[PDB]
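Taken in sequence, the protein lines are chains B, Z, U and E.
According to the entry's author numbering, the first sequence is numbered sequentially starting from -1.
According to the entry's author numbering, the second sequence is numbered sequentially starting from -1.
According to the entry's author numbering, the third sequence is numbered sequentially starting from -1.
According to the entry's author numbering, the fourth sequence is numbered sequentially starting from -1.
Protein chains: 4
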Amino acid sequence: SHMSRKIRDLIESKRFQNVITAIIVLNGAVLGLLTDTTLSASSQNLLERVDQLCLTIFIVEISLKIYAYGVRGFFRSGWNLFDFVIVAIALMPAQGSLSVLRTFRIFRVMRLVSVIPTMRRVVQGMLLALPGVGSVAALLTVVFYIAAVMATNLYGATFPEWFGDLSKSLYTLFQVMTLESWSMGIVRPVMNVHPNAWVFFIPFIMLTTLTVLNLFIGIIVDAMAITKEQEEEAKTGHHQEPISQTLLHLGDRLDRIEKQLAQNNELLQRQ
Amino acid sequence: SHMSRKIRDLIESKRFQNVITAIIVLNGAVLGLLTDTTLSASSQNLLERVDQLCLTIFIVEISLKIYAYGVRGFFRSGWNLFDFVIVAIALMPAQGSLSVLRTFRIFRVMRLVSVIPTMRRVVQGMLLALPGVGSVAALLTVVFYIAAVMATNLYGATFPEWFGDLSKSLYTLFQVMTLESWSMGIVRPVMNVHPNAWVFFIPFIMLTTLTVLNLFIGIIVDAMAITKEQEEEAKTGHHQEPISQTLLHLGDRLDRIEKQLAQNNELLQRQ
Amino acid sequence: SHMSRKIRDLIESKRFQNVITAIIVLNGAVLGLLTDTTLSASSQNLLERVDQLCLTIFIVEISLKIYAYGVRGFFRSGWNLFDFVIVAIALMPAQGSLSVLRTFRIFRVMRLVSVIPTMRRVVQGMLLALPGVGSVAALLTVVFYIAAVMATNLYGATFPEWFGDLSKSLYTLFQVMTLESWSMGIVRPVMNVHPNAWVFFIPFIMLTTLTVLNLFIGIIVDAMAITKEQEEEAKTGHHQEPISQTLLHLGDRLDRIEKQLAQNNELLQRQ
Amino acid sequence: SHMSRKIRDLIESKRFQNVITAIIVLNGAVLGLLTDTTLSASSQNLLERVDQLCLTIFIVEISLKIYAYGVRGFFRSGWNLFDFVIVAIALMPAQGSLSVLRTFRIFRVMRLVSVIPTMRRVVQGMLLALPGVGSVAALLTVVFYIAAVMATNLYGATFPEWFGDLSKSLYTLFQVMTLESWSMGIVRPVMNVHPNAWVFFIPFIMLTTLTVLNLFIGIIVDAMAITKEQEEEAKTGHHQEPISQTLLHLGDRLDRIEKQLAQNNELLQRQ
Ligand SMILES: CC/C(=C(\c1ccccc1)c1ccc(OCCNC)cc1)c1ccccc1
Ligand SMILES: CC/C(=C(\c1ccccc1)c1ccc(OCCNC)cc1)c1ccccc1
Ligand SMILES: CC/C(=C(\c1ccccc1)c1ccc(OCCNC)cc1)c1ccccc1
Ligand SMILES: CC/C(=C(\c1ccccc1)c1ccc(OCCNC)cc1)c1ccccc1
Ligand SMILES: CC/C(=C(\c1ccccc1)c1ccc(OCCNC)cc1)c1ccccc1
Ligand SMILES: CC/C(=C(\c1ccccc1)c1ccc(OCCNC)cc1)c1ccccc1
Ligand SMILES: CC/C(=C(\c1ccccc1)c1ccc(OCCNC)cc1)c1ccccc1
Ligand SMILES: CC/C(=C(\c1ccccc1)c1ccc(OCCNC)cc1)c1ccccc1
Ligand SMILES: CCCCCCCCCC(=O)N(CCO)C[C@@H](O)[C@@H](O)[C@@H](O)[C@@H](O)CO
Ligand SMILES: CCCCCCCCCC(=O)N(CCO)C[C@@H](O)[C@@H](O)[C@@H](O)[C@@H](O)CO
Ligand SMILES: CCCCCCCCCC(=O)N(CCO)C[C@@H](O)[C@@H](O)[C@@H](O)[C@@H](O)CO
Ligand SMILES: CCCCCCCCCC(=O)N(CCO)C[C@@H](O)[C@@H](O)[C@@H](O)[C@@H](O)CO
Ligand code: NA
Ligand code: NA
Ligand code: NA
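Put into structure tokens, the structure is as follows:
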């Protein structure tokens, strides 16, 4: 229909995107002011109306997309499903889930990432990096779990505040891994009772920082490459061979054209 | 005129640059001594004259450039505008701005960066890197802002010193992000009152350190490439294709010359 | 024999790997629950039987591999020797070694790395990186040892808790290197007695962080390359030229084909 | 002469290097034991003789090199001059210098770096990296110096322990830059008196960590490349074009051979 064709290009406009962006920025600002409890009841009830106004503009925007693209088409995008769920969960009377409350209205500012393409591409790159840093994250999860059981068994009886149980131990080890007070605060006290506790903790620190760093560098590097490669496909429309693939074959392609040149010289010299 | 031609090459000399450099180093040293309040009034009034002497030599230097290059030409360089504003703001009787005082005379040592070309190129590289780390810095700004609102709402009532308001929360979160006392100092105390506060803080730490690192690596990498690419254009005078562009097309250029070689072999074999 | 041929492909199946994986995950979980001392004697003796059950399934699995591959063949793999020693040391009545006890049953979860190929490849990459970060690790070991002797001689008499002996000094320096309370906790106190101790500690910090970082970046970079290069050999079966070798010769190979093209043009123009 | 020819190849042997290495390791160990003040006077005077024995073996070794290579030839190597000065300063009766004492005999273990080629190459790479991280280190030195003057002027009157003078301020800022207690320990206390001190400190932290990281990554990256490039020249004897030079011209060399191939096809098609 003509209604769904005109809707679509209204939705695809820069000023429509800019209207939605200023509505996200407005809802963000009013939720930030709402943290001020020194405000008068008049001001508090005023900002809650600005919140409802912002929320209804999103219900309108998301419904206009569902109509113009279809249910099959709108839900075909991960960023549209996120944009939907953000607004869809704001209209709910206590769903059957083990949550305390859905008072995280400020998670609406997260829509700024999806609405702004530059940030949507940046986040997108980091999301695609995660699968190819799955084995390292798993190795790190094993290393902690073994360290959490060891620490609870070794020190939970003498230092129950920090190694009282397995949950407590996972927390203290996360702290020791972030080098936060690990020595003056944890290991030095533990060492008075257990004089060789450094045998356990220095290797835990060495191992977890090498892995966390390998996990982070792995994400930052792949995401930076994925982003540039997506920009080339978005500009030229042609599929972009990943740089690692180009590098792994660079040797093969140079020695193929070395032999091709020498065999052309073979036919040329003898004529 | 001949006056503007001789001026220009005096200004473009190595010993003129070296004179200005020793004047910046002299003003820097006298401002550093001026921090000593144990000095006698004779010594204090002596150093303030050395400061005025240094400042007038800059008024002379900057005026000689304005004449020899012109207003259109001198203000065409960003480094010359900075060199101008540094001296121009030192001759001002309380401008209409919300500043406390312009007692930051030591910001004159910043001219050492502009006067010394090696450092002017190094800083220049970092300035050009910033635009292409704009999306990440924006993502980080959103992540804090959401975390600042969440922390003020969750903990500002029980721990007002650290999450009393939104400003206070931005500060504590910056501290938690720099891993500074985050656990023994902030989260462990918060956890006595709110037993699951780690659900909020460990992901905040994980997320903000991955982004800050991605923001820093993005700057350091692009700046290092931009600097080397500018050095090639400064040496050869020819435009330098950015390394990312060379890498993204390396595959295409190798398979083009593979086909070109094989098609030349096609015409050669059949003759 | 036909028994050793059928065994081998049972062992090489995905569901056999998945059975062993769920047995490792089960033994891991029961060892984690065993850390709970609030449990009843009935529950404690129940989990120890689940532990023995898991351990016997590994004795069966490892014996089935020893038979189907042979002793010469099974012990030809480093990952199989590790898988063997993990189970072989669990059946031992106090071997002649200077250990306290072999109560580290949770080191069985380490088999998840070997049993899961994705993680076995990830760890494998880090193990192969170590030899080519041997010189840096040695430089770091020399730097500490000299710093440990210097600190014990300078400060062990005045601050015996931290520099009492050489062992104590190695520990405090490891702490200072991880920037843990180095100033408010160690150097500031030391400086009251020895006003220029910063001359010793700031360079120690500068030097050890540059080396530890060079040691870590060296591992993370080589491991990431080794892993990708092993994946290419595993996919194509052909030997993969290391990227550093490709890069060091890239110049030579381009100027060889430049000359080969120009010499073919030499024979072509004159015909 | 024949004496200088036989000496030279004794000195160039692997077992001569191994003898010197075990003498360095022996002197290192005896200096480490000498830190133990609980030792008996018999043991203390025994180890000082082992120290003199080690020192004389170095006087013999260094004199054998001076004779076999000459003074012009021996002092032509930076590693030989270091090896000389290490031993030459151990035979000195209080030279005219502003030092406290030359009780740093453990700086002899530093000879292990020079004597062992693998480490001598590793250190060598880091030394050659320094010049090309000179501009960044200078930028960092300017940033601190300006921050040291600003902090002393702003806070030295209210917080003299930390910003009492310019020296004191350089130290506190180095601490704030290493994120050591910067907030709970320095900025939070300072903020009670000066409520907007975070305006000064958060940017100081942001700026100094980006630069220190750029300074460190710059060293680690160039040193890793310099080392691999020196290994290629040591293996092949041919000069190695630096990877940055190869990369900056890779585009030019590919489009030169693209045109050379197409112009050969031009002459081939028309024949
Ligand atoms: C296309 C980009 C990419 C990459 C990649 C990224 C940047 C630079 C060079 C390659 C990669 C490659 C292998 C890798 O190892 C772990 C997983 N093994 C399959 C992890 C990331 C990728 C993404 C999804 C799937 C498969 C590859
Ligand atoms: C130049 C060497 C290199 C590479 C590389 C090596 C060989 C061939 C092609 C690329 C690389 C790239 C991405 C990668 O993804 C890991 C993702 N999950 C661990 C892993 C290795 C690298 C490594 C770290 C930093 C900068 C370059
Ligand atoms: C010419 C250097 C450069 C680069 C660059 C730098 C180093 C190595 C390889 C490329 C770059 C490329 C894309 C990027 O992604 C974010 C912004 N997308 C446009 C950020 C930096 C640049 C500078 C200004 C403008 C456009 C590119
Ligand atoms: C070799 C892979 C690589 C690249 C790269 C990938 C593909 C094609 C061409 C270059 C790269 C370069 C600069 C870049 O700029 C980001 C600026 N704003 C996020 C982002 C990716 C890289 C990444 C990190 C470290 C070292 C190399
Ligand atoms: C095959 C991968 C590899 C590498 C390597 C790794 C990644 C990228 C580029 C090269 C390497 C090269 C030299 C190096 O320097 C110290 C030791 N000098 C021999 C350390 C690692 C290696 C592994 C084992 C042995 C020899 C090379
Ligand atoms: C692109 C330059 C580069 C290289 C490089 C340099 C020249 C030729 C070929 C590769 C490199 C690679 C691996 C390496 O292994 C060190 C292992 N033990 C110290 C050392 C240097 C590098 C360095 C750091 C990060 C990302 C790339
Ligand atoms: C030959 C290695 C090298 C490099 C280099 C190192 C690794 C990878 C790629 C290049 C380099 C290049 C420019 C640079 O920028 C600052 C100084 N500008 C001249 C700093 C280091 C060098 C060493 C001494 C002198 C000149 C170059
Ligand atoms: C692949 C891009 C890249 C490069 C690079 C860029 C263009 C052309 C050739 C190499 C580089 C290399 C060494 C360098 O030396 C700095 C020394 N003093 C600041 C600076 C830039 C890089 C950067 C950081 C990490 C890994 C690769
Ligand atoms: C990737 C690593 C993941 C680490 C996970 C941390 C453990 C999570 C469990 C947890 O922290 N608590 C849940 C239990 O209610 C509450 C805490 O309060 C408690 O664990 C202790 O930290 C202290 O209360 C004892 O001093
Ligand atoms: C990128 C992250 C940017 C973080 C920005 C930090 C917040 C800035 C506001 C601020 O810190 N103050 C301005 C208000 O005067 C003063 C502080 O003193 C106050 O916020 C608190 O830190 C304490 O005083 C309470 O314990
Ligand atoms: C790569 C760096 C390797 C550092 C190695 C650290 C030293 C290991 C020795 C050690 O720490 N102890 C063994 C001796 O029993 C026990 C400790 O308790 C003692 O050294 C002191 O830390 C305190 O007890 C004194 O305040
Ligand atoms: C690259 C950054 C370089 C930083 C350089 C640090 C300053 C060096 C001077 C210095 O620290 N002292 C020399 C003066 O004797 C002694 C110290 O004891 C003093 O400065 C203070 O730290 C405290 O004593 C006051 O609380
Ligand atoms: Na820290
Ligand atoms: Na602390
Ligand atoms: Na700390």
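All residues carry an ideal CB built from backbone N, CA and C; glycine is no exception.
Spatial distance of residue i from residue j (CA atoms)
i	j	result
residue 69/Z	residue 83/B	57 Å
residue 260/U	residue 258/E	7 Å
residue 61/Z	residue 40/Z	32 Å
residue 78/B	residue 72/B	6 Å
residue 132/U	residue 188/E	45 Å
residue 116/Z	residue 137/E	10 Å
residue 179/U	residue 86/U	43 Å
residue 166/B	residue 114/U	28 Å
residue 90/Z	residue 224/Z	37 Å
residue 102/B	residue 169/Z	21 Å
residue 122/U	residue 229/U	12 Å
residue 51/B	residue 20/B	13 Å
Endpoints, the alpha helix (DSSP H) within which residue i is located
i	result
residue 106/B	Counting along the chain, residue 106/B falls outside any alpha helix (DSSP H), and DSSP gives it neither H nor E.
residue 229/Z	196 to 234
residue 86/E	76 to 86
residue 3/E	0 to 9
residue 116/U	115 to 127
residue 250/E	241 to 267
residue 57/U	39 to 67
residue 19/E	12 to 31
Chain-order list of residues whose beta-carbon lies under 6 Å from that of residue i (same chain, five-residue window excluded)
i	result
residue 48/U	28
residue 5/U	62, 66
residue 150/U	161, 164, 167
Below-9 Å beta-carbon distance, residue i vs any chain Z residue
i	result
residue 207/E	yes
residue 217/B	yes
residue 132/E	yes
Residue i at chain E interface by Cβ criterion, 9 Å
i	result
residue 151/Z	no
residue 29/U	no
residue 169/Z	yes
residue 238/U	no
residue 160/U	no
Chain U contact for residue i (CB, 9 Å cutoff)
i	result
residue 34/E	yes
residue 254/E	yes
residue 202/E	no
Spatial neighbours of residue i in its chain, beta-carbon cut-off 8 Å, leaving aside the 5 residues before and after
i	result
residue 231/E	237, 238
residue 210/Z	138, 175
residue 234/U	none
Within-9 Å CB hit, residue i to chain B
i	result
residue 4/U	no
residue 85/U	no
residue 173/Z	no
Exposure of residue i, with buried meaning 16 or more beta-carbon neighbours within 10 Å
i	result
residue 35/E	exposed
residue 1/Z	exposed
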